[PDB]
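Shown here: coords.csv, CSV, C-alpha atoms.
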chain,number,residue,atom,x,y,z
A,1109,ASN,CA,-37.0,-18.8,-18.8
A,1110,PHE,CA,-36.4,-22.3,-17.5
A,1111,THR,CA,-34.1,-23.1,-14.5
A,1112,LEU,CA,-32.5,-26.3,-13.4
A,1113,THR,CA,-31.4,-27.0,-9.8
A,1114,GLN,CA,-30.1,-29.9,-7.8
A,1115,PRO,CA,-29.3,-30.4,-4.1
A,1116,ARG,CA,-26.1,-31.9,-2.8
A,1117,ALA,CA,-24.3,-32.5,0.5
A,1118,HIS,CA,-20.8,-33.1,1.8
A,1119,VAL,CA,-19.0,-33.9,5.1
A,1120,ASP,CA,-15.4,-34.1,6.2
A,1121,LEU,CA,-14.5,-37.8,6.3
A,1122,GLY,CA,-11.2,-37.3,8.2
A,1123,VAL,CA,-10.4,-37.6,11.9
A,1124,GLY,CA,-7.6,-35.1,12.0
A,1125,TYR,CA,-6.9,-32.8,9.0
A,1126,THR,CA,-7.0,-33.9,5.4
A,1127,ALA,CA,-6.2,-31.0,3.1
A,1128,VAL,CA,-3.7,-28.1,3.2
A,1129,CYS,CA,-3.1,-25.0,1.1
A,1130,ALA,CA,-0.2,-22.5,0.9
A,1131,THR,CA,0.6,-19.3,-0.8
A,1132,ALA,CA,3.2,-20.1,-3.5
A,1133,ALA,CA,3.7,-17.3,-6.0
A,1134,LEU,CA,3.1,-13.6,-6.5
A,1135,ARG,CA,1.2,-12.1,-9.4
A,1136,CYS,CA,0.8,-8.3,-9.8
A,1137,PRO,CA,0.0,-6.3,-6.6
A,1138,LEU,CA,-3.5,-5.0,-6.7
A,1139,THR,CA,-3.4,-1.7,-4.6
A,1140,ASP,CA,-0.7,0.9,-5.1
A,1141,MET,CA,1.1,1.4,-1.8
A,1142,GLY,CA,1.1,5.1,-2.1
A,1143,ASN,CA,0.1,8.0,0.1
A,1144,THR,CA,-3.6,8.6,0.2
A,1145,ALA,CA,-4.4,10.1,3.5
A,1146,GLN,CA,-7.9,9.6,5.0
A,1147,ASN,CA,-10.4,12.2,6.0
A,1148,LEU,CA,-12.6,12.1,9.1
A,1149,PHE,CA,-15.1,14.7,7.8
A,1150,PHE,CA,-16.8,11.9,5.8
A,1151,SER,CA,-18.3,10.9,9.2
A,1152,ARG,CA,-21.5,12.4,10.8
A,1153,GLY,CA,-19.8,12.6,14.1
A,1154,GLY,CA,-21.2,13.6,17.5
A,1155,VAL,CA,-20.4,16.8,19.4
A,1156,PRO,CA,-19.9,19.4,16.7
A,1157,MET,CA,-18.1,22.7,16.9
A,1158,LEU,CA,-19.8,25.8,18.2
A,1159,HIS,CA,-19.6,28.3,15.3
A,1160,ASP,CA,-20.6,26.8,11.9
A,1161,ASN,CA,-18.2,29.2,10.2
A,1162,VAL,CA,-15.1,27.6,11.7
A,1163,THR,CA,-16.2,24.1,10.8
A,1164,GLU,CA,-16.4,25.3,7.2
A,1165,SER,CA,-13.0,26.8,7.4
A,1166,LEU,CA,-11.6,23.5,8.8
A,1167,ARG,CA,-13.2,21.5,6.0
A,1168,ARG,CA,-12.2,23.9,3.3
A,1169,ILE,CA,-8.6,23.9,4.4
A,1170,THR,CA,-8.4,20.1,4.8
A,1171,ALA,CA,-10.1,19.6,1.5
A,1172,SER,CA,-7.4,21.8,0.0
A,1173,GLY,CA,-4.9,19.2,0.9
A,1174,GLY,CA,-6.0,15.8,-0.4
A,1175,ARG,CA,-8.0,14.3,-3.2
A,1176,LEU,CA,-10.2,12.1,-1.0
A,1177,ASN,CA,-12.8,14.6,0.4
A,1178,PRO,CA,-16.6,14.6,0.3
A,1179,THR,CA,-18.7,16.5,-2.3
A,1180,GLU,CA,-20.2,19.7,-1.0
A,1181,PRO,CA,-23.9,19.3,-1.7
A,1182,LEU,CA,-25.0,16.4,0.5
A,1183,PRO,CA,-26.8,13.9,-1.8
A,1184,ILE,CA,-29.9,12.1,-0.6
A,1185,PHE,CA,-29.5,8.4,-1.7
A,1186,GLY,CA,-26.3,7.0,-0.3
A,1187,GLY,CA,-23.9,9.0,1.8
A,1188,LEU,CA,-21.4,11.6,1.0
A,1189,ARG,CA,-19.4,9.8,-1.6
A,1190,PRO,CA,-16.1,11.1,-2.9
A,1191,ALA,CA,-15.6,12.8,-6.2
A,1192,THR,CA,-15.5,10.4,-9.1
A,1193,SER,CA,-12.2,10.9,-10.9
A,1194,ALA,CA,-11.7,10.8,-14.6
A,1195,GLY,CA,-9.0,8.1,-14.9
A,1196,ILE,CA,-7.3,5.6,-12.6
A,1197,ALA,CA,-3.7,4.7,-13.3
A,1198,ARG,CA,-1.8,2.4,-10.9
A,1199,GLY,CA,-4.7,0.6,-9.3
A,1200,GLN,CA,-7.0,1.0,-6.3
A,1201,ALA,CA,-5.7,3.5,-3.8
A,1202,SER,CA,-4.8,2.5,-0.3
A,1203,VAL,CA,-6.0,4.6,2.6
A,1204,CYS,CA,-3.1,5.7,4.8
B,1301,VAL,CA,-15.6,-15.3,19.9
B,1302,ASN,CA,-18.4,-17.6,21.0
B,1303,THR,CA,-15.9,-20.4,21.9
B,1304,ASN,CA,-13.6,-18.1,23.9
B,1305,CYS,CA,-13.7,-20.7,26.7
B,1306,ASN,CA,-14.2,-23.9,24.7
B,1307,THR,CA,-11.6,-24.3,22.0
B,1308,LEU,CA,-7.9,-24.5,23.0
B,1309,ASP,CA,-6.1,-24.1,19.6
B,1310,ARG,CA,-8.4,-22.2,17.3
B,1311,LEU,CA,-5.4,-20.5,15.6
B,1312,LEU,CA,-6.0,-22.8,12.7
B,1313,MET,CA,-9.8,-22.6,12.5
B,1314,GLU,CA,-9.7,-18.8,12.7
B,1315,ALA,CA,-7.0,-18.1,10.0
B,1316,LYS,CA,-8.0,-20.1,6.9
B,1317,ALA,CA,-10.5,-18.4,4.7
B,1318,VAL,CA,-11.6,-15.1,6.3
B,1319,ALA,CA,-14.0,-13.0,4.2
B,1320,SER,CA,-12.9,-9.7,2.8
B,1321,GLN,CA,-13.0,-6.5,4.9
B,1322,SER,CA,-13.2,-4.1,1.9
B,1323,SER,CA,-14.0,-3.8,-1.7
B,1324,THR,CA,-11.7,-4.5,-4.7
B,1325,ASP,CA,-13.3,-2.8,-7.7
B,1326,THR,CA,-13.6,0.8,-6.5
B,1327,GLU,CA,-11.1,3.6,-7.3
B,1328,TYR,CA,-10.6,3.8,-3.5
B,1329,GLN,CA,-10.7,1.4,-0.5
B,1330,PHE,CA,-14.3,1.2,0.5
B,1331,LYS,CA,-16.0,-0.8,3.2
B,1332,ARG,CA,-17.3,-4.2,2.1
B,1333,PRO,CA,-20.6,-4.3,0.4
B,1334,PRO,CA,-23.4,-6.6,1.7
B,1335,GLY,CA,-23.2,-9.0,-1.2
B,1336,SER,CA,-19.5,-9.7,-1.9
B,1337,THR,CA,-18.4,-13.4,-1.8
B,1338,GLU,CA,-14.7,-12.6,-2.0
B,1339,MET,CA,-12.5,-14.6,0.3
B,1340,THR,CA,-9.0,-13.8,1.3
B,1341,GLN,CA,-6.1,-14.7,3.6
B,1342,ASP,CA,-5.0,-12.5,6.6
B,1343,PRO,CA,-1.7,-13.3,8.4
B,1344,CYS,CA,-1.5,-9.8,9.8
B,1345,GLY,CA,-4.7,-9.4,11.7
B,1346,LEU,CA,-4.3,-12.9,13.0
B,1347,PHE,CA,-1.3,-12.1,15.3
B,1348,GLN,CA,-2.4,-8.5,15.5
C,1205,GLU,CA,13.6,20.2,-28.5
C,1206,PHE,CA,13.2,22.3,-25.4
C,1207,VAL,CA,10.2,22.9,-23.3
C,1208,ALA,CA,10.2,25.8,-20.8
C,1209,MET,CA,9.6,24.7,-17.2
C,1210,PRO,CA,10.4,26.0,-13.7
C,1211,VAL,CA,13.7,25.4,-12.0
C,1212,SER,CA,11.8,23.9,-9.1
C,1213,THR,CA,10.7,20.7,-10.8
C,1214,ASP,CA,12.1,17.9,-8.6
C,1215,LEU,CA,14.3,15.4,-10.4
C,1216,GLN,CA,12.5,12.4,-9.0
C,1217,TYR,CA,10.3,12.8,-12.0
C,1218,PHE,CA,13.2,12.3,-14.4
C,1219,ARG,CA,15.1,9.5,-12.7
C,1220,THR,CA,12.5,7.0,-14.1
C,1221,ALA,CA,10.2,6.8,-17.1
C,1222,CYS,CA,8.3,10.0,-17.4
C,1223,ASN,CA,6.2,12.2,-19.7
C,1224,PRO,CA,7.4,15.6,-21.1
C,1225,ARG,CA,4.1,17.3,-20.7
C,1226,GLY,CA,4.3,17.0,-16.9
C,1227,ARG,CA,0.7,15.6,-16.9
C,1228,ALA,CA,0.3,11.9,-17.7
C,1229,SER,CA,-2.3,11.5,-20.4
C,1230,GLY,CA,-3.6,8.9,-22.8
C,1231,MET,CA,-6.5,6.7,-23.8
C,1232,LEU,CA,-5.3,3.8,-21.7
C,1233,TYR,CA,-6.4,5.5,-18.5
C,1234,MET,CA,-10.1,5.9,-19.5
C,1235,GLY,CA,-11.3,4.4,-16.3
C,1236,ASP,CA,-14.8,3.9,-17.7
C,1237,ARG,CA,-16.3,4.1,-21.2
C,1238,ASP,CA,-17.9,7.5,-20.5
C,1239,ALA,CA,-15.3,9.8,-19.0
C,1240,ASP,CA,-13.6,12.4,-21.2
C,1241,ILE,CA,-10.1,11.9,-22.5
C,1242,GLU,CA,-10.1,15.7,-22.7
C,1243,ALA,CA,-10.6,15.6,-18.9
C,1244,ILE,CA,-7.5,13.5,-18.3
C,1245,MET,CA,-5.5,15.7,-20.7
C,1246,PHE,CA,-6.4,19.3,-19.9
C,1247,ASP,CA,-8.7,19.5,-16.9
C,1248,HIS,CA,-6.7,21.1,-14.1
C,1249,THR,CA,-9.1,20.7,-11.2
C,1250,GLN,CA,-8.5,16.9,-10.9
C,1251,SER,CA,-5.3,15.3,-9.7
C,1252,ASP,CA,-2.9,13.9,-12.3
D,194,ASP,CA,7.0,-11.9,-50.3
D,195,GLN,CA,3.4,-10.6,-50.0
D,196,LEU,CA,2.5,-13.4,-47.6
D,197,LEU,CA,5.2,-12.2,-45.2
D,198,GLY,CA,4.0,-8.7,-45.8
D,199,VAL,CA,0.5,-9.6,-44.7
D,200,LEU,CA,1.6,-11.6,-41.7
D,201,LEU,CA,3.9,-8.8,-40.5
D,202,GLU,CA,1.4,-5.9,-40.1
D,203,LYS,CA,-1.0,-8.3,-38.5
D,204,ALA,CA,1.1,-9.6,-35.6
D,205,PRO,CA,0.8,-7.6,-32.3
D,206,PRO,CA,4.0,-7.5,-30.3
D,207,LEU,CA,4.9,-10.4,-28.0
D,208,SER,CA,5.7,-8.1,-25.1
D,209,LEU,CA,2.1,-7.0,-25.0
D,210,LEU,CA,0.3,-10.2,-26.1
D,211,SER,CA,2.0,-12.6,-23.7
D,212,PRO,CA,1.0,-11.0,-20.4
D,213,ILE,CA,-2.5,-10.0,-21.4
D,214,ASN,CA,-3.1,-13.7,-21.9
D,215,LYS,CA,-2.3,-14.1,-18.2
D,216,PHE,CA,-5.6,-12.3,-17.3
D,217,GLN,CA,-8.0,-14.2,-19.5
D,218,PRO,CA,-10.4,-15.5,-16.8
D,219,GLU,CA,-13.3,-13.2,-17.2
D,220,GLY,CA,-11.7,-11.0,-19.8
D,221,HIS,CA,-14.0,-8.2,-18.8
D,222,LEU,CA,-11.8,-6.6,-16.1
D,223,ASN,CA,-12.9,-4.0,-13.6
D,224,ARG,CA,-11.4,-0.6,-13.8
D,225,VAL,CA,-8.8,-1.7,-11.2
D,226,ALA,CA,-7.3,-4.9,-12.5
D,227,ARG,CA,-6.9,-3.2,-15.9
D,228,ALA,CA,-4.6,-0.6,-14.2
D,229,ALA,CA,-2.3,-3.1,-12.6
D,230,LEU,CA,-2.1,-5.0,-15.8
D,231,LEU,CA,-1.1,-1.8,-17.6
D,232,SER,CA,1.7,-1.2,-15.1
D,233,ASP,CA,2.9,-4.8,-15.6
D,234,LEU,CA,2.9,-4.1,-19.3
D,235,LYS,CA,4.9,-0.9,-18.8
D,236,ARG,CA,7.4,-2.9,-16.9
D,237,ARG,CA,7.6,-5.8,-19.3
D,238,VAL,CA,8.0,-3.6,-22.4
D,239,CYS,CA,11.4,-2.0,-21.3
D,240,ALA,CA,13.3,-4.8,-19.5
D,241,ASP,CA,12.9,-7.4,-22.2
E,387,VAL,CA,6.2,-36.6,-4.1
E,388,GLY,CA,7.9,-37.8,-0.9
E,389,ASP,CA,6.6,-41.4,-0.8
E,390,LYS,CA,3.1,-41.1,-2.1
E,391,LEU,CA,1.9,-41.4,-5.7
E,392,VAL,CA,-0.4,-38.4,-6.2
E,393,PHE,CA,-2.1,-36.6,-9.0
E,394,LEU,CA,-1.1,-33.2,-10.5
E,395,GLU,CA,-3.9,-31.4,-12.2
E,396,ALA,CA,-4.4,-27.8,-13.4
E,397,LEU,CA,-8.1,-27.1,-14.0
E,398,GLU,CA,-7.8,-23.7,-15.8
E,399,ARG,CA,-7.9,-25.2,-19.3
E,400,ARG,CA,-10.3,-28.2,-19.3
E,401,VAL,CA,-12.7,-26.3,-17.1
E,402,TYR,CA,-13.0,-22.6,-16.3
E,403,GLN,CA,-11.9,-21.6,-19.8
E,404,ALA,CA,-14.1,-19.3,-21.9
E,405,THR,CA,-16.6,-18.6,-19.2
E,406,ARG,CA,-17.2,-15.7,-16.8
E,407,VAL,CA,-15.8,-17.7,-13.9
E,408,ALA,CA,-12.7,-16.9,-11.9
E,409,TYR,CA,-10.2,-19.6,-11.0
E,410,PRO,CA,-10.5,-20.3,-7.2
E,411,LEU,CA,-6.8,-20.9,-6.7
E,412,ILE,CA,-5.7,-17.3,-7.6
E,413,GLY,CA,-6.5,-15.9,-4.1
E,414,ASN,CA,-6.0,-12.6,-2.4
E,415,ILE,CA,-3.9,-11.6,0.6
E,416,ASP,CA,-3.7,-8.6,2.8
E,417,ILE,CA,-0.6,-7.2,4.6
E,418,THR,CA,-0.5,-4.3,6.9
E,419,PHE,CA,2.4,-1.8,6.8
E,420,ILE,CA,3.3,0.7,9.5
E,421,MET,CA,5.8,3.6,9.5
E,422,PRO,CA,6.6,6.0,12.3
E,423,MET,CA,6.4,9.6,11.1
E,424,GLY,CA,8.1,12.5,12.8
E,425,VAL,CA,9.7,10.7,15.7
E,426,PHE,CA,12.7,12.5,17.4
E,427,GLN,CA,15.3,10.4,19.1
E,428,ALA,CA,15.2,11.5,22.8
E,429,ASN,CA,18.9,11.2,23.7
E,430,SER,CA,22.2,12.8,23.0
E,431,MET,CA,24.2,9.6,22.2
E,432,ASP,CA,21.8,8.2,19.6
E,433,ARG,CA,21.9,11.4,17.4
E,434,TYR,CA,25.3,10.7,15.8
E,435,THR,CA,27.0,10.0,12.5
E,436,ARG,CA,28.9,7.0,11.1
E,437,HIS,CA,32.0,9.0,10.3
E,438,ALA,CA,32.9,12.6,10.6
E,439,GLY,CA,31.9,14.5,7.5
E,440,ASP,CA,29.1,12.4,5.9
E,441,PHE,CA,26.4,14.2,3.9
E,442,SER,CA,28.0,17.5,5.0
E,443,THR,CA,26.4,20.7,3.7
E,444,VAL,CA,28.3,23.6,2.4
E,445,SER,CA,26.0,25.8,4.4
E,446,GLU,CA,26.9,26.8,8.0
E,447,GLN,CA,24.2,24.9,9.9
E,448,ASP,CA,23.6,21.3,9.1
E,449,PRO,CA,19.9,21.0,8.1
E,450,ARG,CA,19.8,17.4,9.2
E,451,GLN,CA,19.8,17.9,13.0
E,452,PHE,CA,16.4,19.4,12.8
E,453,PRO,CA,13.4,17.2,13.9
E,454,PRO,CA,12.3,15.4,10.8
E,455,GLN,CA,8.8,16.2,9.6
E,456,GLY,CA,8.2,13.7,6.8
E,457,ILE,CA,8.9,10.1,5.7
E,458,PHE,CA,10.0,8.6,2.4
E,459,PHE,CA,9.2,5.2,1.0
E,460,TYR,CA,8.8,3.2,-2.3
E,461,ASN,CA,5.6,2.9,-4.3
E,462,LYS,CA,4.4,-0.3,-6.0
E,463,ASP,CA,5.9,0.8,-9.4
E,464,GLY,CA,9.2,1.6,-7.6
E,465,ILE,CA,9.0,5.4,-7.5
E,466,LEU,CA,10.0,7.5,-4.6
E,467,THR,CA,6.9,9.1,-2.9
E,468,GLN,CA,6.7,11.1,0.3
E,469,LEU,CA,4.4,11.4,3.3
E,470,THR,CA,4.6,14.7,5.0
E,471,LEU,CA,2.9,16.0,8.2
E,472,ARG,CA,0.1,18.0,6.6
E,473,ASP,CA,-1.3,14.7,5.4
E,474,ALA,CA,-2.5,14.2,9.0
E,475,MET,CA,-4.5,17.4,8.9
E,476,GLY,CA,-7.6,15.5,7.8
E,477,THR,CA,-7.3,13.4,10.9
E,478,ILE,CA,-6.1,15.6,13.8
E,479,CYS,CA,-8.0,18.7,12.9
E,480,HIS,CA,-11.4,17.0,13.0
E,481,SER,CA,-13.8,18.3,15.6
E,482,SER,CA,-13.7,14.9,17.4
F,435,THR,CA,39.3,4.9,19.3
F,436,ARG,CA,40.3,2.9,16.3
F,437,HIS,CA,39.9,5.9,14.0
F,438,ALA,CA,39.4,9.6,14.0
F,439,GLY,CA,35.7,10.6,14.4
F,440,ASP,CA,33.8,7.3,14.8
F,441,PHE,CA,30.4,8.3,16.0
F,442,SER,CA,31.1,12.0,16.1
F,443,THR,CA,28.4,14.0,17.8
F,444,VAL,CA,27.7,17.6,17.0
F,445,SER,CA,27.4,18.6,20.7
F,446,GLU,CA,30.2,20.1,22.7
F,447,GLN,CA,31.0,17.0,24.8
F,448,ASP,CA,31.4,13.5,23.3
F,449,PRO,CA,28.8,11.5,25.3
F,450,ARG,CA,30.8,8.4,24.7
F,451,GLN,CA,33.3,9.5,27.4
F,452,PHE,CA,31.0,9.2,30.5
F,453,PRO,CA,31.1,5.9,32.3
F,454,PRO,CA,28.3,3.6,31.1
F,455,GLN,CA,25.5,2.7,33.3
F,456,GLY,CA,23.4,0.2,31.3
F,457,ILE,CA,24.1,-2.8,29.0
F,458,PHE,CA,22.4,-4.0,25.9
F,459,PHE,CA,21.9,-7.4,24.4
F,460,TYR,CA,19.4,-9.5,22.4
F,461,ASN,CA,16.2,-11.3,23.4
F,462,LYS,CA,15.2,-14.8,22.5
F,463,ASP,CA,13.8,-13.4,19.3
F,464,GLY,CA,16.8,-11.2,18.5
F,465,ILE,CA,15.0,-8.1,19.9
F,466,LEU,CA,17.3,-5.5,21.3
F,467,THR,CA,16.4,-5.3,25.0
F,468,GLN,CA,18.1,-3.0,27.5
F,469,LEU,CA,19.2,-3.7,31.1
F,470,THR,CA,20.1,-0.5,33.0
F,471,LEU,CA,21.7,0.1,36.4
F,472,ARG,CA,18.6,1.2,38.2
F,473,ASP,CA,17.2,-2.4,38.2
F,474,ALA,CA,19.7,-3.9,40.7
F,475,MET,CA,17.8,-1.8,43.2
F,476,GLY,CA,16.1,-4.9,44.4
F,477,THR,CA,19.5,-6.4,45.4
F,478,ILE,CA,21.7,-3.5,46.5
F,479,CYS,CA,18.9,-1.5,48.3
F,480,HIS,CA,18.0,-4.2,50.8
F,481,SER,CA,18.5,-4.5,54.5
F,482,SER,CA,21.0,-7.4,54.0
As structure tokens, what does this structure read like?
Amino acid sequence: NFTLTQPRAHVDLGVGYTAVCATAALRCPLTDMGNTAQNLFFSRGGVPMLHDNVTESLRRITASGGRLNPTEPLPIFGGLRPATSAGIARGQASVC
Amino acid sequence: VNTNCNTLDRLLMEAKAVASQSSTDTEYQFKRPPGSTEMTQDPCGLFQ
Amino acid sequence: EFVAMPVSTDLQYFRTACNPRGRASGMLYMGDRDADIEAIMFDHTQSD
Amino acid sequence: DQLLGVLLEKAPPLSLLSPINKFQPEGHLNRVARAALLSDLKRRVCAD
Amino acid sequence: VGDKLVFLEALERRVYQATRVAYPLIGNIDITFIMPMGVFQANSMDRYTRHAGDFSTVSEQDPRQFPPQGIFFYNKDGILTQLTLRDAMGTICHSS
Amino acid sequence: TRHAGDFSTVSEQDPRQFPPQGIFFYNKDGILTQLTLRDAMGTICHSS
């Protein structure tokens, strides 16, 4: 498996500015500007509640509301990813 | 910024080719990976 | 043809292009090569 | 006659072929860009 | 252009065609959107109507002078979505 | 009033009737700023 490489170098030859860009047109938008509310329970926060049985109630209720919510059995490689859906329709979802 | 006392008009050199703050191929908006070379433009976070 | 449905379905689903099943289905939403089309059609634990 | 009959059932619609050729760079799209393309197609089927 | 003879080249056909390489001139852009949700106008003057009898309800009490609890806006595809209050449950009911 | 009901409140007493105290106008950037009566305090509440 051969490989070819070659070093190079450059430098801005101008005193002031020399080049300029600008946004000109608009192709398709990439993220649907919908209503995908966040969820804080993804975070291993600090001071927790006192009774573990009300934390579960809170999480259960708030996971009954949206579709972005962590999986229940905490995996071991990576962290608390959201449920992988079957199909995606309008594009990447924005996190309101 | 390191040059908070040196540069007078960094408005240009701070708002040209800022690197992405998130991912773009995930079914949600995730934090940026370590190895994404995407490069964007941000007029919003420039003036806050 | 007629399809029974509640009298509570909000009309903002009819003022534009829509789908009579009430659940948007079809191969074009496969997302990956491995997910089930039968999931996008009939599974009623995931969001439309 | 038969020549036209062969050319006919071989030609995809223009309304779907013209825009898909505006995404040719790396025509192996992620699961995201494909979705936005599909919505562009949904728009540019009806209005023209 | 103006008073300078310049070049005008598109490099999407000669180069960049038929390879797994994106064109560097089709860039991204990020824009931030904000919308106040649930605000109630603290006054008596400002809670008014344009004319007398606009959007009047046949019912006795006008359901519009109640403090609004949602917000409506337009999606990417141009469909009317909605952002209610219970979408803030995942953010205000966290233990933090 | 030019017409019947312009800016009709639902309360019992039309708050348009009380004598105004403030005054509204536009900033340098067309932003609706407000100048109220309790700001002349520097001038009218002096020993002079």
For chain A versus chain E, which residues have an atom no more than 7 Å away, and what is each residue's nearest atom pair and distance in Å rounded to one decimal, using all atoms listed in the file, chain-then-number order, as a Markdown table?
| residue | atom | partner | partner_atom | distance |
| --- | --- | --- | --- | --- |
| A:1140 | CA | E:462 | CA | 5.3 |
| A:1141 | CA | E:461 | CA | 5.4 |
| A:1142 | CA | E:461 | CA | 5.5 |
| A:1143 | CA | E:469 | CA | 6.3 |
| A:1145 | CA | E:473 | CA | 5.9 |
| A:1146 | CA | E:476 | CA | 6.5 |
| A:1147 | CA | E:476 | CA | 4.7 |
| A:1148 | CA | E:477 | CA | 5.7 |
| A:1149 | CA | E:480 | CA | 6.8 |
| A:1156 | CA | E:481 | CA | 6.3 |
| A:1157 | CA | E:481 | CA | 6.3 |
| A:1170 | CA | E:476 | CA | 5.5 |
Residues of chain D near chain C: apply a cut-off of 10 Å, count all atoms listed in the file, and supply the list as a PDB file with C-alpha atoms, in the coordinates of the input.
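In the end it all went to result_31.pdb:
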ATOM      1  CA  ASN D 223     -12.900  -4.000 -13.600  1.00  0.00           C
ATOM      2  CA  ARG D 224     -11.400  -0.600 -13.800  1.00  0.00           C
ATOM      3  CA  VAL D 225      -8.800  -1.700 -11.200  1.00  0.00           C
ATOM      4  CA  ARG D 227      -6.900  -3.200 -15.900  1.00  0.00           C
ATOM      5  CA  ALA D 228      -4.600  -0.600 -14.200  1.00  0.00           C
ATOM      6  CA  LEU D 231      -1.100  -1.800 -17.600  1.00  0.00           C
ATOM      7  CA  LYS D 235       4.900  -0.900 -18.800  1.00  0.00           C
ATOM      8  CA  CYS D 239      11.400  -2.000 -21.300  1.00  0.00           C
TER       9      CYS D 239
END
Any idea which chain E residues end up within 10 Å of chain F if we count only C-alpha atoms, as a PDB file with C-alpha atoms, keeping the file's coordinate frame please?
ATOM      1  CA  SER E 430      22.200  12.800  23.000  1.00  0.00           C
ATOM      2  CA  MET E 431      24.200   9.600  22.200  1.00  0.00           C
ATOM      3  CA  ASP E 432      21.800   8.200  19.600  1.00  0.00           C
ATOM      4  CA  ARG E 433      21.900  11.400  17.400  1.00  0.00           C
ATOM      5  CA  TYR E 434      25.300  10.700  15.800  1.00  0.00           C
ATOM      6  CA  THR E 435      27.000  10.000  12.500  1.00  0.00           C
ATOM      7  CA  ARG E 436      28.900   7.000  11.100  1.00  0.00           C
ATOM      8  CA  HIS E 437      32.000   9.000  10.300  1.00  0.00           C
ATOM      9  CA  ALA E 438      32.900  12.600  10.600  1.00  0.00           C
ATOM     10  CA  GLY E 439      31.900  14.500   7.500  1.00  0.00           C
ATOM     11  CA  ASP E 448      23.600  21.300   9.100  1.00  0.00           C
ATOM     12  CA  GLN E 451      19.800  17.900  13.000  1.00  0.00           C
TER      13      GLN E 451
END
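Interatomic distance, atom CA of residue 423 of chain E against atom CA of residue 1212 of chain C: 25.3 Å.
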Would you write out, as a tab-separated table, a table of all residues in chain A that have an atom no more than 12 Å from an atom of chain D, listing for each the closest atom pair and the distance in Å to one decimal, considering all atoms listed in the file and ordering rows by chain and rising residue number?
residue	atom	partner	partner_atom	distance
A:1135	CA	D:215	CA	9.7
A:1136	CA	D:229	CA	6.7
A:1137	CA	D:229	CA	7.2
A:1138	CA	D:229	CA	6.3
A:1139	CA	D:229	CA	8.2
A:1140	CA	D:229	CA	8.6
A:1193	CA	D:224	CA	11.9
A:1194	CA	D:224	CA	11.4
A:1195	CA	D:224	CA	9.1
A:1196	CA	D:228	CA	6.9
A:1197	CA	D:228	CA	5.5
A:1198	CA	D:228	CA	5.3
A:1199	CA	D:228	CA	5.0
A:1200	CA	D:225	CA	5.9
A:1201	CA	D:225	CA	9.6
Subject >> Between atom CA of residue 1154 of chain A and atom CA of residue 1167 of chain A - distance in Å to one decimal >> reply: 16.1 Å
**OP:** Report the distance between atom CA of residue 417 of chain E and atom CA of residue 1343 of chain B in Å, rounded to one decimal place.
**Re:** 7.3 Å
Subject >> All residues 10 Å or closer to residue 1340 of chain B, all atoms listed in the file, same chain fewer than 6 positions away omitted, as an MDAnalysis selection string >> reply: (chainID B and resid 1315:1321) or (chainID E and resid 413:416)
Just-selected residues, C-alpha atoms written as a CSV table (one decimal), in the coordinates of the input:
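Final output, result-v4.csv:
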chain,number,residue,atom,x,y,z
B,1315,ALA,CA,-7.0,-18.1,10.0
B,1316,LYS,CA,-8.0,-20.1,6.9
B,1317,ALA,CA,-10.5,-18.4,4.7
B,1318,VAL,CA,-11.6,-15.1,6.3
B,1319,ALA,CA,-14.0,-13.0,4.2
B,1320,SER,CA,-12.9,-9.7,2.8
B,1321,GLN,CA,-13.0,-6.5,4.9
E,413,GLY,CA,-6.5,-15.9,-4.1
E,414,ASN,CA,-6.0,-12.6,-2.4
E,415,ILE,CA,-3.9,-11.6,0.6
E,416,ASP,CA,-3.7,-8.6,2.8
Between chain B and chain E, at 9 Å or less, what are the per-residue closest atom pairs and their distances in Å? Count only C-alpha atoms, order by chain and rising residue number, and return it as CSV.
residue,atom,partner,partner_atom,distance
B:1338,CA,E:414,CA,8.7
B:1339,CA,E:414,CA,7.3
B:1340,CA,E:414,CA,4.9
B:1341,CA,E:415,CA,4.8
B:1342,CA,E:416,CA,5.6
B:1343,CA,E:417,CA,7.3
B:1344,CA,E:417,CA,5.9
B:1345,CA,E:418,CA,8.2
For chain E, work out the contacting residues on chain D at 9 Å, counting only C-alpha atoms, and write them as a short mmCIF file (atom, residue, chain, number, x, y, z; two decimals) with C-alpha atoms, keeping the file's coordinate frame.
data_model
loop_
_atom_site.label_atom_id
_atom_site.label_comp_id
_atom_site.auth_asym_id
_atom_site.auth_seq_id
_atom_site.Cartn_x
_atom_site.Cartn_y
_atom_site.Cartn_z
CA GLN D 217 -8.00 -14.20 -19.50
CA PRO D 218 -10.40 -15.50 -16.80
CA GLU D 219 -13.30 -13.20 -17.20
CA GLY D 220 -11.70 -11.00 -19.80
CA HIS D 221 -14.00 -8.20 -18.80
CA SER D 232 1.70 -1.20 -15.10
CA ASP D 233 2.90 -4.80 -15.60
CA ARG D 236 7.40 -2.90 -16.90
#
